[PDB]
Each structure stands twice: as structure tokens, then as C-alpha cells.
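FYI, the numbering just counts along the sequence from 1. Remember, it's 1-based here, ligands and their atoms both numbered in the order they're listed.
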Amino acid sequence: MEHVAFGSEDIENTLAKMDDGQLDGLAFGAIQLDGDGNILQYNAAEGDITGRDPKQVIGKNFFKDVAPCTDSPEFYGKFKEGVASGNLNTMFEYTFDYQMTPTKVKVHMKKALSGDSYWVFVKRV
Ligand SMILES: *C(=O)/C=C\c1ccc(O)cc1
């Protein structure tokens, strides 16, 4: 497994050398989003969590199509402000109840090394 801890202070240099294949090795759910909210990478751990099929989520919009739960000032509002400022590093708890049993999760959003690209990390609590 990829021995990287949730909430690490350097996760972005770490998940830079990783391919999608190496991303599944993560002990937590990893989601990469472009600046518009579209999904570029989805990890199986995220899949084990949300039940969504990684292959069928890449290319879609997280806020609009896949996970309407984050369409609130408490998640999306933070993502949009983070994109606008070009710097995001925030952690919080949330509920994912769209087309699924209400599952309590820990969320960590951070700006990736790359210019317009953002990480979403999730792990059950
Ligand atoms: C609300 O967010 C429900 C579900 C959900 C589905 C997929 C992903 O990635 C997160 C959350």
C-alpha cells in the first residue's frame, strides 16, 4: 500500500509522482478536480466509500452531476473561494447522502502542485 497519511502536510508532492494505478493504493479516498469542478481522477477507496464506479465518474462535474451534497456554501462555497484565491488547505466533516446511505466522512481539500487542479481527500470517521 501507499503509506501516505490522511492530512499530511506534504501530500501534494507525494501524490504528484503517482499514477491512477498507484492512487488506488491509498488508504483513503482521493478525488482530483479541475478548476470548474470536473473530475480528472477518482480513486477506488473513494469508490468503496461512495459506491460510485471510478471509470464512470471521470469527466463529469462533482458539484452538478455526481455529488449534489457538496453543492452548499460549506463545501462548494469553499472550493470556489479556494479556486478564486488560488490557494486551498481546509479540513472538515460532512455527510454524503445522495443515492446512498448517509455516511459520515472527513474531508480535506487542498490545491495540487499543478496550476489549475485540486485535491479532495475523504476518509470515514
Ligand atoms: C453526496 O455527496 C453523495 C455522494 C457522493 C458521491 C460521490 C462522491 O465522490 C462523493 C459523494
Enumerate the atoms of ligand 1 whose separation from the nearest heavy atom of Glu46 is less than 4.0 angstrom.
9 (O)
Minimum-distance protein heavy atom relative to atom 4 (C) of ligand 1
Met100 SD, 3.4 Å
Where does the angle between the aromatic ring planes of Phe79 and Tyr118 fall among parallel (under 30°), tilted (30 to 60°) and perpendicular (over 60°)?
perpendicular
Between the CG atom in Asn87 and the NZ atom in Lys111, the distance rounded to the nearest 0.5 Å is 8.0 Å
Less than 6.0 angstrom from the centroid, inside 45 degrees of the normal: does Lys78 satisfy that with respect to the ring of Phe92?
yes
Heavy-atom nearest neighbour of atom 11 (C) of ligand 1 within options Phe75, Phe63, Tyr94, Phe96
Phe96
Counting non-hydrogen protein atoms only, what is the nearest one to atom 10 (C) of ligand 1? Give residue, atom name and distance.
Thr50 CG2, 3.4 Å
So which protein heavy atom does atom 9 (O) of ligand 1 come closest to, and at what separation?
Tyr42 OH, 2.6 Å
Counting heavy atoms under 4.0 Å, the part of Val122 that contacts ligand 1 is neither
Find the distance between CG (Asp65) and CG (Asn38) and round it off to the nearest 0.5 Å.
8.0 Å
May I ask you to list the atoms of ligand 1 that are less than 4.0 angstrom from any heavy atom of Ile31?
9 (O)
Looking at non-hydrogen atoms alone, which of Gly29, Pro68, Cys69, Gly47 comes nearest to atom 3 (C) of ligand 1?
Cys69
Interatomic distance, CG@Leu15 vs NZ@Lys110, rounded to 0.5 Å, equals 11.5 Å
Step-by-step side-chain contact (heavy atoms from CB on, under 4.5 Å) determination, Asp71 to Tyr98
CA-CA 11 Å; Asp71 200 351; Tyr98 189 62; over 6 Å; no
Going through the checks in order, is the side-chain contact (heavy atoms from CB on, under 4.5 Å) test met by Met109 and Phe75?
CA-CA 9 Å; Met109 285 190 314; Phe75 196 116; 3.9 Å; yes
Looking only at distances, can you tell me whether any N or O atom of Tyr98, backbone or side chain, sits closer than 3.5 Å to an N or O atom of ligand 1?
no
